[PDB]
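Enquirer: Would you mind keeping the following structure in view while I ask a few things?
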Amino acid sequence: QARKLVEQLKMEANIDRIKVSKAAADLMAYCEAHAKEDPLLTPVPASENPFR
Amino acid sequence: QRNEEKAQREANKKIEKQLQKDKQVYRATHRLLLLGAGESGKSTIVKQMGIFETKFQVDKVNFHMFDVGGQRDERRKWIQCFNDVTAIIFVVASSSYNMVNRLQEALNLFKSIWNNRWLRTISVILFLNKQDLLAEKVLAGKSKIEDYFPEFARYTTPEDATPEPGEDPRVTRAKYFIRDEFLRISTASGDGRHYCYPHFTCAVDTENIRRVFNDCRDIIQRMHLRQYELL
Amino acid sequence: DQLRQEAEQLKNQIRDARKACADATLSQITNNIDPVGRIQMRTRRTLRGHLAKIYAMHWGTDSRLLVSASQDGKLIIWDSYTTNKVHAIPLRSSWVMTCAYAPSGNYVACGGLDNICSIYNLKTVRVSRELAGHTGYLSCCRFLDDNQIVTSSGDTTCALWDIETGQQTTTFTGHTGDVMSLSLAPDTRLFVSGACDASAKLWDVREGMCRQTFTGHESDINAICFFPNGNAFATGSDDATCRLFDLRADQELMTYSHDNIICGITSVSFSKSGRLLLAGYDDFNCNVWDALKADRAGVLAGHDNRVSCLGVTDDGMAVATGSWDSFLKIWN
Amino acid sequence: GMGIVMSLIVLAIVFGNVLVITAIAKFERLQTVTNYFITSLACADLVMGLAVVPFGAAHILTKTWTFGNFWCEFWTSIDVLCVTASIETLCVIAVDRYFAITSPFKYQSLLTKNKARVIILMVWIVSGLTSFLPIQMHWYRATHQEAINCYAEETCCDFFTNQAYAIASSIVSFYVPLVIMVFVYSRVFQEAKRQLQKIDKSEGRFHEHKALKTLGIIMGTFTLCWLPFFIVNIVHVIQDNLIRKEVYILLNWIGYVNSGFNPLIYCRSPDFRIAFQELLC
Ligand SMILES: Nc1nc2c(ncn2[C@@H]2O[C@H](COP(=O)(O)OP(=O)(O)OP(=O)(O)O)[C@@H](O)[C@H]2O)c(=O)[nH]1
Ligand SMILES: CN[C@@H]1CCc2c(ccc(O)c2O)[C@H]1O
């Protein structure tokens, strides 16, 4: 199992990574954009609530 | 839409009738877990009296035993599922003290099971298997326990002991030493919520199905007594 | 000798490659935003009828029906709105560890300690297929489509099945411990798994080989879930920590832990937007986190035993929790 | 002087019983077949402490029954009903524990929620048949001069009975449950001792007080609270001018006091203690 591990390690060693600042910015932008339609985060009136 | 609500209620009522009929069966049956170290004559014990399930009834009480053989791994993460069983049946070959040893591995497994976080209120029924050939190899001078378990040198038979009729006194020492090895682990950390019931079992025994009945009765009685602050 | 030395050099290159990427922590950018505040939720429904503890639960795609599994040997389909039982399937084997609900709503999966996955037909209820080939207990299963399904088992292997023929189309290998959970991507092109060797891997469904590996934990991983975006996921182990990983950056971003909790974690789940992270614990309750700040925002209490299941509706309207008290609760 | 004590008794009886009832009702983990009997006993004790004690205290302190004869009869009837239905539930609890310990396999099938409800309604009906029926139908009245004058008067409310009613009610309310409780608890003690000896004989070298203390508390409080009154009840009827009225009332009130002790005896479980902490504090 020596050759199998090295071949797998070499396969995933050569990948292109982006800086974590871009990833954090993307996550924050997604959350800010979609925060409007979040019923758990933003409570809904009892007229639109089917469980009340 | 008015009839839709009525249609749902009719189906719900029928289901709840069946659930009541099955709760009586669930509460009137006892679940047992069969566990063994390996090469311990577990198949012989289960036969005489994925996953394999067997059902037997004694004195109009239903018992339902489980044996796991499709999960043969050193680590057991599935053992937290059996936290509501009545008892655990542990089978060990008492004669495997020199073969490669196996007795110490069985003791380590028992210690691991006893101190588990989820099996903190479950008692263990212990079956010390293979007594005839243990006695044979102890009487024969081919090997001695002292060369594998050094603590056996300074062990003496307790005064409050019950030997077999016509039994050689050099077999009783071995039997009681092997039994007390498990009893020490059992009583070291027991808080009073679960005990251990050891037995000496051979190949030709026939009363192995009554011992389980009696031990389960004792388990339930002690549980109730402790619950009502009487024990 | 040569093989061990070669592997060590390759691993060191990977570790230092991602050390240069980290120029700022996630909390550093998100340090300048207002908090969500205090979030209070109240139980809306309580579902009774199971005779024993509950290990699994899955919401329906219509956000109205859900299925649950229990140790007494039943598989009940509910109706959260009107609180009416619709179906009740008796299982051949009492020991069941997972359940799934088909996206089309025409099938339900099941599995456990018998090493068999069963598919039930709801619009005809009886067994439609039994999938065999795993050498260990099943831990999770998810429906890719109406004719294929991916499963994880305790023999350190995941597999992709074909319901029509009952054969393994492809098999995934590379873990060294029991695989405990998996989760599918929104496009169903990739999926992740978490094992008992404290590692999570990313797989390719069509090609069939691993892509990346993440090893930030120090104990067995019990839960996993993608971010709604599809470029991140969160895991939870029994060392009382939840961690967030990023697919493109190939490293973890933030950890969620407190010094007053020492129990394990049984389930995690996100919300509709991804701002909240809901995690179930062994302390008989549930915790609500802030994904971009790592501070508690609420507590869900009311169960008398450990919480074993957790889920959020596809529209993000309610949360369902199951526990060993044989009860299901809906929160809002 | 006596008002503070007679009010403290009322508050002590009311508070513990209402706390037990609300703790059982609010939480779903205490809904057990055993707890239904405790709920019935708590309801009986609460009714006693809410109705019987305040009016008896007012009658003693004012030394005049300011209400009508109808209310005097109603008060006597509810007194007997509450006393009878409270003692007879302890017998049911003892029998339930007896069945739980002596026959563990058949215990689940022996008792069910429907059976518990049937038993509770049966005991309440039997309690109500011996209190309202013989009193409102005037089958219990005495036939001597003092009794006749007391019945005629509008301001004097006392207790005068025949012998038949006195022995019948005393037997039904007290003596039949007593022997049953004695036999049951003796058998339970014997079983506990047998199990303790069995434990000792197996693993004794490696490493009766608890059962004795528990049974002693349970039986001693009940017997010491209710025996002297149910002896003088027979005695004063058998032979006249031996028991003074003051002694009769004192022993009756000593018996009444027992209603405030039951939550301290039957509700000391760790689960109960947890609920009480959440409910209060
Ligand atoms: N003399 C004697 N022989 C036994 C006894 N128990 C089992 N044997 C024999 O030993 C053989 C091997 O033991 P098994 O009973 O097969 O053990 P096993 O089936 O491998 O049980 P596991 O290892 O727990 O799965 C059997 O074929 C029996 O004939 C015993 O108690 N006394
Ligand atoms: C006035 N107080 C009464 C008098 C007689 C009596 C009581 C209670 C139970 C009975 O069976 C009785 O016969 C007492 O509470």
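Residues in the structure tokens are numbered from 1 in each chain, the chains being A, B, ... in the order shown, and ligands are numbered from 1 in the order shown.
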Excluding same-chain residues fewer than 3 positions from stretch 14-17 of chain A, what lies within 12 Å of it counting only C-alpha atoms, as a tab-separated table (two decimals) with N, CA and C atoms, in the first residue's frame?

Expert:
```tsv
chain	number	residue	atom	x	y	z
A	7	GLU	N	0.81	8.00	-4.61
A	7	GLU	CA	0.10	8.45	-5.80
A	7	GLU	C	-1.08	9.34	-5.44
A	8	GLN	N	-1.83	8.97	-4.40
A	8	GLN	CA	-2.94	9.81	-3.95
A	8	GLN	C	-2.44	11.15	-3.41
A	9	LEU	N	-1.36	11.13	-2.62
A	9	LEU	CA	-0.83	12.37	-2.07
A	9	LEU	C	-0.34	13.29	-3.18
A	10	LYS	N	0.32	12.73	-4.20
A	10	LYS	CA	0.79	13.54	-5.31
A	10	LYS	C	-0.37	14.12	-6.12
A	11	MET	N	-1.47	13.37	-6.24
A	11	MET	CA	-2.60	13.83	-7.04
A	11	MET	C	-3.24	15.08	-6.43
A	20	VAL	N	-7.40	33.03	1.76
A	20	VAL	CA	-8.58	32.88	2.61
A	20	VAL	C	-9.40	34.16	2.69
A	21	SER	N	-8.80	35.32	2.39
A	21	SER	CA	-9.55	36.57	2.42
A	21	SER	C	-10.68	36.55	1.39
A	22	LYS	N	-10.40	36.04	0.19
A	22	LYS	CA	-11.44	35.95	-0.84
A	22	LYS	C	-12.56	35.01	-0.41
A	23	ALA	N	-12.21	33.88	0.20
A	23	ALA	CA	-13.24	32.94	0.65
A	23	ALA	C	-14.11	33.55	1.75
C	10	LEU	N	6.15	14.80	0.84
C	10	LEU	CA	4.96	15.27	0.14
C	10	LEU	C	3.98	15.94	1.10
C	11	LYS	N	3.80	15.36	2.29
C	11	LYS	CA	2.88	15.94	3.26
C	11	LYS	C	3.36	17.30	3.74
C	13	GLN	N	5.11	19.46	2.03
C	13	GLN	CA	4.86	20.43	0.97
C	13	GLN	C	3.43	20.94	1.02
C	14	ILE	N	2.47	20.04	1.25
C	14	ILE	CA	1.07	20.44	1.32
C	14	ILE	C	0.83	21.36	2.51
C	17	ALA	N	2.23	24.75	1.86
C	17	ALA	CA	1.56	25.42	0.75
C	17	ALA	C	0.33	26.18	1.23
C	18	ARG	N	-0.46	25.58	2.12
C	18	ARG	CA	-1.63	26.25	2.66
C	18	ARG	C	-1.31	27.18	3.81
C	19	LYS	N	-0.08	27.14	4.34
C	19	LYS	CA	0.31	28.09	5.38
C	19	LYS	C	0.55	29.48	4.80
C	20	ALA	N	0.97	29.55	3.54
C	20	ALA	CA	1.17	30.84	2.88
C	20	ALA	C	-0.15	31.48	2.47
C	21	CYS	N	-1.18	30.67	2.21
C	21	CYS	CA	-2.47	31.21	1.81
C	21	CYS	C	-3.10	32.04	2.92
C	22	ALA	N	-2.99	31.59	4.16
C	22	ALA	CA	-3.69	32.23	5.28
C	22	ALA	C	-3.05	33.57	5.56
C	211	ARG	N	-10.67	13.88	-3.83
C	211	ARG	CA	-10.08	15.13	-4.28
C	211	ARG	C	-9.20	15.76	-3.20
C	212	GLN	N	-9.74	15.99	-2.01
C	212	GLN	CA	-9.02	16.68	-0.94
C	212	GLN	C	-9.26	15.95	0.37
C	246	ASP	N	-13.17	25.28	4.24
C	246	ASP	CA	-13.43	25.92	2.96
C	246	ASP	C	-12.83	25.06	1.85
C	247	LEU	N	-13.63	24.77	0.83
C	247	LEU	CA	-13.19	23.86	-0.23
C	247	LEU	C	-12.08	24.46	-1.07
C	248	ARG	N	-12.22	25.73	-1.46
C	248	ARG	CA	-11.26	26.33	-2.38
C	248	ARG	C	-9.94	26.63	-1.69
C	249	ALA	N	-9.99	27.06	-0.43
C	249	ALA	CA	-8.77	27.38	0.32
C	249	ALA	C	-8.09	26.15	0.91
C	250	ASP	N	-8.77	25.01	0.95
C	250	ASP	CA	-8.19	23.75	1.43
C	250	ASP	C	-7.69	23.85	2.87
C	251	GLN	N	-8.46	24.53	3.72
C	251	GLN	CA	-8.10	24.65	5.13
C	251	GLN	C	-9.32	25.08	5.92
```

Enquirer: Please report as JSON, numbers by chain which residues of chain B come no farther than 8 Å from chain C, using only C-alpha atoms.

Expert: {"B": [8, 9, 11, 12, 15, 16, 19, 23, 26, 50, 51, 70, 71]}

Enquirer: Would you put the residues from that selection into a file with C-alpha atoms, as an mmCIF file, in the first residue's frame?

Expert:
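The resulting file, part-v4.cif, is shown below:
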```cif
data_model
loop_
_atom_site.group_PDB
_atom_site.id
_atom_site.type_symbol
_atom_site.label_atom_id
_atom_site.label_comp_id
_atom_site.auth_asym_id
_atom_site.auth_seq_id
_atom_site.Cartn_x
_atom_site.Cartn_y
_atom_site.Cartn_z
ATOM 1 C CA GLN B 8 -56.768 11.713 7.671
ATOM 2 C CA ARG B 9 -58.341 11.223 11.105
ATOM 3 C CA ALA B 11 -56.320 6.515 9.116
ATOM 4 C CA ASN B 12 -54.634 7.986 12.200
ATOM 5 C CA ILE B 15 -52.773 3.176 13.263
ATOM 6 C CA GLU B 16 -52.991 4.066 16.960
ATOM 7 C CA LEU B 19 -49.607 0.597 18.160
ATOM 8 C CA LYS B 23 -46.771 -2.127 23.048
ATOM 9 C CA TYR B 26 -42.665 -4.938 23.515
ATOM 10 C CA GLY B 50 -25.055 -9.486 9.755
ATOM 11 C CA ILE B 51 -26.832 -10.146 13.052
ATOM 12 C CA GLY B 70 -20.998 -9.282 11.185
ATOM 13 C CA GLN B 71 -19.111 -6.509 13.008
#
```

Enquirer: Pick out the chain A residues within 6 Å of chain C. Count only C-alpha atoms. Give them as a ChimeraX atom specification.

Expert: /A:6,13,17-20,24,31,34-35,38-39

Enquirer: Just write the chosen residues, C-alpha atoms, as a compact mmCIF listing (two decimals), in the first residue's frame.

Expert:
```txt
# COMPACT_ATOMS: atom_id res chain seq x y z
CA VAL A 6 2.08 8.35 -2.55
CA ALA A 13 -0.78 18.09 -3.76
CA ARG A 17 -5.67 27.49 -3.85
CA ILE A 18 -6.96 31.02 -3.33
CA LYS A 19 -6.23 33.25 -0.35
CA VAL A 20 -8.58 32.88 2.61
CA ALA A 24 -14.26 34.91 3.75
CA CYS A 31 -24.92 35.69 3.89
CA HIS A 34 -29.63 36.05 1.35
CA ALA A 35 -30.31 37.27 4.91
CA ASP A 38 -34.39 33.71 6.43
CA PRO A 39 -37.53 32.91 8.46
```

Enquirer: For chain B, list the residues within 8 Å of chain D, counting only C-alpha atoms, and write the list as a list in words.

Expert: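 Close to chain D, chain B has residues 24, 27, 28, 61, 183, 184, 187, 217, 220, 221, 222, 224, 225, 229, 230 and 231 of chain B.
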
Enquirer: For the residues selected in the previous step, produce a file with C-alpha atoms as a CSV table (one decimal), in the first residue's frame.

Expert:
```
chain,number,residue,atom,x,y,z
B,24,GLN,CA,-47.9,-5.1,25.2
B,27,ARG,CA,-42.9,-4.6,27.3
B,28,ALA,CA,-43.4,-8.3,27.9
B,61,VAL,CA,-41.7,-15.6,29.7
B,183,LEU,CA,-14.8,-10.6,40.4
B,184,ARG,CA,-12.0,-8.1,41.4
B,187,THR,CA,-16.3,-5.0,42.4
B,217,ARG,CA,-35.2,-12.4,37.9
B,220,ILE,CA,-35.2,-7.1,38.0
B,221,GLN,CA,-35.9,-7.7,41.7
B,222,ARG,CA,-32.7,-5.8,42.8
B,224,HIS,CA,-37.0,-2.5,41.9
B,225,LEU,CA,-35.6,-2.8,45.5
B,229,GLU,CA,-34.9,2.8,48.5
B,230,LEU,CA,-35.0,-0.6,50.2
B,231,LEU,CA,-31.6,-1.8,49.1
```

Enquirer: Write out as number ranges by chain each polymer residue (protein, DNA or RNA) that has an atom no more than 7 Å from ligand 1, with only C-alpha atoms and all ligand atoms counted.

Expert: B: 36-44, 129-133, 201-203

Enquirer: Would you mind exporting the chosen residues as a short mmCIF file (atom, residue, chain, number, x, y, z; two decimals), in the first residue's frame, restricted to C-alpha atoms?

Expert:
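So the final result, stored in again16.cif, reads:
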```
data_model
loop_
_atom_site.label_atom_id
_atom_site.label_comp_id
_atom_site.auth_asym_id
_atom_site.auth_seq_id
_atom_site.Cartn_x
_atom_site.Cartn_y
_atom_site.Cartn_z
CA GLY B 36 -17.73 -13.57 23.50
CA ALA B 37 -13.97 -13.20 23.30
CA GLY B 38 -13.48 -15.69 20.45
CA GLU B 39 -12.86 -19.45 20.21
CA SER B 40 -14.70 -19.66 23.54
CA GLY B 41 -17.36 -22.21 22.58
CA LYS B 42 -20.05 -19.58 22.12
CA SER B 43 -21.70 -21.53 19.29
CA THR B 44 -22.00 -24.67 21.42
CA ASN B 129 -16.59 -22.30 29.62
CA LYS B 130 -14.53 -25.45 28.97
CA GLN B 131 -14.09 -26.82 32.49
CA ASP B 132 -13.40 -30.48 31.68
CA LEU B 133 -10.25 -29.96 29.62
CA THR B 201 -20.10 -24.16 32.48
CA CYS B 202 -19.07 -27.33 30.64
CA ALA B 203 -19.99 -28.94 27.32
#
```

Enquirer: From the DSSP assignment of the backbone, select every residue of stretch 172-265 of chain C that is strand (DSSP E or B), and format the answer as a VMD selection string.

Expert: chain C and resid 172 179 to 184 190 to 195 200 to 204 210 to 214 221 to 226 232 to 237 241 to 246 251 to 256 265

Enquirer: Could you write out that same residue set with N, CA and C atoms as a CSV table (one decimal), in the first residue's frame?

Expert:
```
chain,number,residue,atom,x,y,z
C,172,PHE,N,-16.0,3.7,-3.1
C,172,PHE,CA,-15.1,4.7,-2.6
C,172,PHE,C,-14.2,4.2,-1.4
C,179,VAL,N,-16.9,5.0,8.8
C,179,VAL,CA,-17.5,6.2,8.2
C,179,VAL,C,-18.9,6.4,9.0
C,180,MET,N,-19.0,7.6,9.5
C,180,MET,CA,-20.2,7.9,10.4
C,180,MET,C,-21.3,8.8,9.8
C,181,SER,N,-20.9,9.6,8.7
C,181,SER,CA,-21.9,10.4,8.1
C,181,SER,C,-21.5,10.8,6.7
C,182,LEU,N,-22.4,11.3,6.0
C,182,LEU,CA,-22.1,11.9,4.6
C,182,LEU,C,-23.2,13.0,4.3
C,183,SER,N,-22.9,13.8,3.3
C,183,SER,CA,-23.8,14.8,2.9
C,183,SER,C,-23.6,15.1,1.4
C,184,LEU,N,-24.7,15.3,0.7
C,184,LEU,CA,-24.6,15.5,-0.8
C,184,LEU,C,-24.6,17.0,-1.0
C,190,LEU,N,-20.7,16.2,-6.0
C,190,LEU,CA,-19.7,15.8,-5.0
C,190,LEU,C,-20.4,15.6,-3.7
C,191,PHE,N,-19.7,14.9,-2.8
C,191,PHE,CA,-20.2,14.7,-1.5
C,191,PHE,C,-19.0,14.5,-0.5
C,192,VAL,N,-19.2,14.7,0.7
C,192,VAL,CA,-18.2,14.6,1.8
C,192,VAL,C,-18.6,13.6,2.8
C,193,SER,N,-17.6,13.0,3.5
C,193,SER,CA,-17.8,12.0,4.5
C,193,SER,C,-16.9,12.3,5.7
C,194,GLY,N,-17.4,11.8,6.9
C,194,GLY,CA,-16.6,11.9,8.1
C,194,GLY,C,-16.4,10.6,8.8
C,195,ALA,N,-15.2,10.3,9.1
C,195,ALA,CA,-14.9,8.9,9.7
C,195,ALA,C,-14.4,9.0,11.1
C,200,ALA,N,-12.0,14.2,7.2
C,200,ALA,CA,-13.1,14.3,6.3
C,200,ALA,C,-12.5,14.4,4.9
C,201,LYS,N,-13.2,13.8,3.9
C,201,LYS,CA,-12.7,13.7,2.5
C,201,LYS,C,-13.8,14.2,1.6
C,202,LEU,N,-13.3,14.6,0.4
C,202,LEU,CA,-14.2,15.1,-0.7
C,202,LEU,C,-14.1,14.1,-1.8
C,203,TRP,N,-15.3,13.6,-2.3
C,203,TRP,CA,-15.3,12.6,-3.3
C,203,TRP,C,-16.0,13.1,-4.6
C,204,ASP,N,-15.7,12.5,-5.7
C,204,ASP,CA,-16.3,12.8,-7.0
C,204,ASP,C,-17.2,11.6,-7.3
C,210,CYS,N,-11.1,10.4,-4.7
C,210,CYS,CA,-11.0,11.5,-3.8
C,210,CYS,C,-10.4,12.7,-4.4
C,211,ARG,N,-10.7,13.9,-3.8
C,211,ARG,CA,-10.1,15.1,-4.3
C,211,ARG,C,-9.2,15.8,-3.2
C,212,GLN,N,-9.7,16.0,-2.0
C,212,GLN,CA,-9.0,16.7,-0.9
C,212,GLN,C,-9.3,16.0,0.4
C,213,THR,N,-8.4,16.3,1.4
C,213,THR,CA,-8.6,15.7,2.7
C,213,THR,C,-8.4,16.8,3.7
C,214,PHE,N,-9.2,16.8,4.8
C,214,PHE,CA,-9.1,17.7,5.9
C,214,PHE,C,-9.0,17.0,7.2
C,221,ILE,N,-15.4,12.0,14.1
C,221,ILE,CA,-16.4,12.9,13.6
C,221,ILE,C,-17.7,12.3,13.4
C,222,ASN,N,-18.8,12.9,14.0
C,222,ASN,CA,-20.1,12.4,14.0
C,222,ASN,C,-21.1,13.0,13.1
C,223,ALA,N,-20.9,14.2,12.6
C,223,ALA,CA,-21.8,14.9,11.7
C,223,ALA,C,-21.1,15.7,10.7
C,224,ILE,N,-21.8,16.1,9.6
C,224,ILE,CA,-21.2,16.9,8.5
C,224,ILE,C,-22.4,17.5,7.7
C,225,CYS,N,-22.2,18.6,7.1
C,225,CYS,CA,-23.2,19.3,6.3
C,225,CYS,C,-22.5,20.4,5.5
C,226,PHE,N,-22.9,20.5,4.2
C,226,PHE,CA,-22.5,21.6,3.4
C,226,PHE,C,-23.2,23.0,3.8
C,232,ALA,N,-18.4,25.3,1.2
C,232,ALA,CA,-17.9,25.1,2.6
C,232,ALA,C,-18.8,24.1,3.3
C,233,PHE,N,-18.3,23.5,4.4
C,233,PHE,CA,-19.0,22.6,5.2
C,233,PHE,C,-18.5,22.6,6.6
C,234,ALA,N,-19.4,22.1,7.5
C,234,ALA,CA,-19.1,22.1,9.0
C,234,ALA,C,-19.2,20.7,9.5
C,235,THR,N,-18.3,20.3,10.5
C,235,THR,CA,-18.3,19.0,11.1
C,235,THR,C,-18.4,19.1,12.6
C,236,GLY,N,-18.8,18.1,13.2
C,236,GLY,CA,-18.9,18.0,14.7
C,236,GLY,C,-18.4,16.7,15.3
C,237,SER,N,-17.4,16.8,16.2
C,237,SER,CA,-16.9,15.6,16.8
C,237,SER,C,-17.3,15.5,18.3
C,241,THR,N,-16.4,20.3,19.8
C,241,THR,CA,-15.9,21.3,18.9
C,241,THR,C,-16.6,21.2,17.5
C,242,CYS,N,-17.0,22.3,16.9
C,242,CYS,CA,-17.5,22.3,15.6
C,242,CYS,C,-16.5,23.2,14.8
C,243,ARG,N,-16.2,22.8,13.6
C,243,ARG,CA,-15.2,23.5,12.7
C,243,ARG,C,-15.7,23.7,11.3
C,244,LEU,N,-15.4,24.8,10.8
C,244,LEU,CA,-15.8,25.2,9.4
C,244,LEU,C,-14.6,25.1,8.5
C,245,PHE,N,-14.8,24.4,7.3
C,245,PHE,CA,-13.7,24.2,6.3
C,245,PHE,C,-14.2,24.8,5.0
C,246,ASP,N,-13.2,25.3,4.2
C,246,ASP,CA,-13.4,25.9,3.0
C,246,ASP,C,-12.8,25.1,1.9
C,251,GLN,N,-8.5,24.5,3.7
C,251,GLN,CA,-8.1,24.6,5.1
C,251,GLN,C,-9.3,25.1,5.9
C,252,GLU,N,-9.2,24.9,7.2
C,252,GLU,CA,-10.3,25.3,8.1
C,252,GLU,C,-10.3,26.8,8.3
C,253,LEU,N,-11.4,27.4,8.7
C,253,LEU,CA,-11.5,28.8,8.9
C,253,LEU,C,-11.8,29.3,10.3
C,254,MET,N,-12.7,28.5,11.0
C,254,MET,CA,-13.1,29.0,12.4
C,254,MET,C,-13.6,27.8,13.1
C,255,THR,N,-13.5,27.8,14.5
C,255,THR,CA,-13.9,26.8,15.4
C,255,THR,C,-14.9,27.3,16.4
C,256,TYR,N,-15.8,26.5,16.8
C,256,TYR,CA,-16.9,26.8,17.7
C,256,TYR,C,-16.9,26.0,18.9
C,265,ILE,N,-20.9,15.8,20.4
C,265,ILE,CA,-21.8,16.4,19.4
C,265,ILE,C,-22.4,15.4,18.5
```

Enquirer: Write out as a tab-separated table a residue-level contact list of chain D versus ligand 2 with cut-off 7 Å: for each qualifying residue the closest pair of atoms and the distance in Å to one decimal, counting only C-alpha atoms and all ligand atoms, rows sorted by chain and residue number upward.

Expert:
```
residue	atom	partner	partner_atom_place_in_ligand_line	distance
D:76	CA	ligand 2	1 (C)	6.0
D:79	CA	ligand 2	15 (O)	5.3
D:80	CA	ligand 2	8 (C)	4.6
D:83	CA	ligand 2	8 (C)	5.3
D:84	CA	ligand 2	9 (C)	5.7
D:159	CA	ligand 2	1 (C)	5.8
D:166	CA	ligand 2	13 (O)	5.6
D:169	CA	ligand 2	11 (O)	4.1
D:170	CA	ligand 2	11 (O)	4.4
D:172	CA	ligand 2	11 (O)	6.9
D:173	CA	ligand 2	11 (O)	5.0
D:252	CA	ligand 2	15 (O)	6.6
```

Enquirer: So what do you get for atom CA of residue B:179 versus atom CA of residue B:127, distance-wise?

Expert: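 Straight-line distance from atom CA of residue B:179 to atom CA of residue B:127 works out to 10.1 Å.
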
Enquirer: Taking only stretch 1-99 of chain D into account, list the residues labelled alpha helix (DSSP H) by DSSP (computed from the backbone), as a ChimeraX atom specification.

Expert: /D:2-26,33-47,53-62,69-99

Enquirer: Only residues of chain C matter here; which ones have an atom within 12 Å of chain D, counting only C-alpha atoms? Give them as a VMD selection string.

Expert: chain C and resid 46 48 302 to 305 325 to 327

Enquirer: Selected residues, N, CA, C and O atoms, written as a CSV table (one decimal), in the first residue's frame, please.

Expert:
```csv
chain,number,residue,atom,x,y,z
C,46,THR,N,-45.4,18.6,19.2
C,46,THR,CA,-44.7,17.5,19.8
C,46,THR,C,-45.4,16.2,19.3
C,46,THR,O,-46.6,16.1,19.3
C,48,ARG,N,-45.8,12.1,19.2
C,48,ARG,CA,-45.7,11.0,20.1
C,48,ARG,C,-46.2,9.7,19.3
C,48,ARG,O,-47.1,9.8,18.5
C,302,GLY,N,-35.6,21.2,26.3
C,302,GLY,CA,-36.9,20.6,26.4
C,302,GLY,C,-36.9,19.1,26.3
C,302,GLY,O,-38.0,18.4,26.5
C,303,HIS,N,-35.8,18.5,25.9
C,303,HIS,CA,-35.7,17.1,25.7
C,303,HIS,C,-35.1,16.5,27.0
C,303,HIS,O,-34.2,17.0,27.6
C,304,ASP,N,-35.6,15.3,27.4
C,304,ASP,CA,-35.2,14.6,28.6
C,304,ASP,C,-34.1,13.6,28.4
C,304,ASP,O,-33.6,13.0,29.3
C,305,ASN,N,-33.6,13.5,27.2
C,305,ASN,CA,-32.4,12.6,26.9
C,305,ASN,C,-31.6,13.2,25.7
C,305,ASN,O,-32.0,14.3,25.2
C,325,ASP,N,-35.7,10.2,24.2
C,325,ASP,CA,-37.0,10.2,24.9
C,325,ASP,C,-38.2,9.7,24.1
C,325,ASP,O,-39.3,9.8,24.6
C,326,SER,N,-37.9,9.3,22.9
C,326,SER,CA,-39.0,8.8,21.9
C,326,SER,C,-39.9,9.9,21.6
C,326,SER,O,-41.1,9.6,21.3
C,327,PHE,N,-39.5,11.1,21.5
C,327,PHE,CA,-40.3,12.3,21.1
C,327,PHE,C,-39.7,13.1,20.0
C,327,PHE,O,-38.4,13.2,20.0
```

Enquirer: Please list as a PyMOL selection string every residue within 8 Å of residue D:184, counting only C-alpha atoms and excluding residues in the same chain fewer than 4 positions away.

Expert: chain D and resi 94-95+98+180+188

Enquirer: With distances taken over only C-alpha atoms, which of D:277, D:239, D:35, D:221 is nearest to residue D:257?

Expert: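 Once distances to residue D:257 are computed over only C-alpha atoms, the minimum belongs to D:221.
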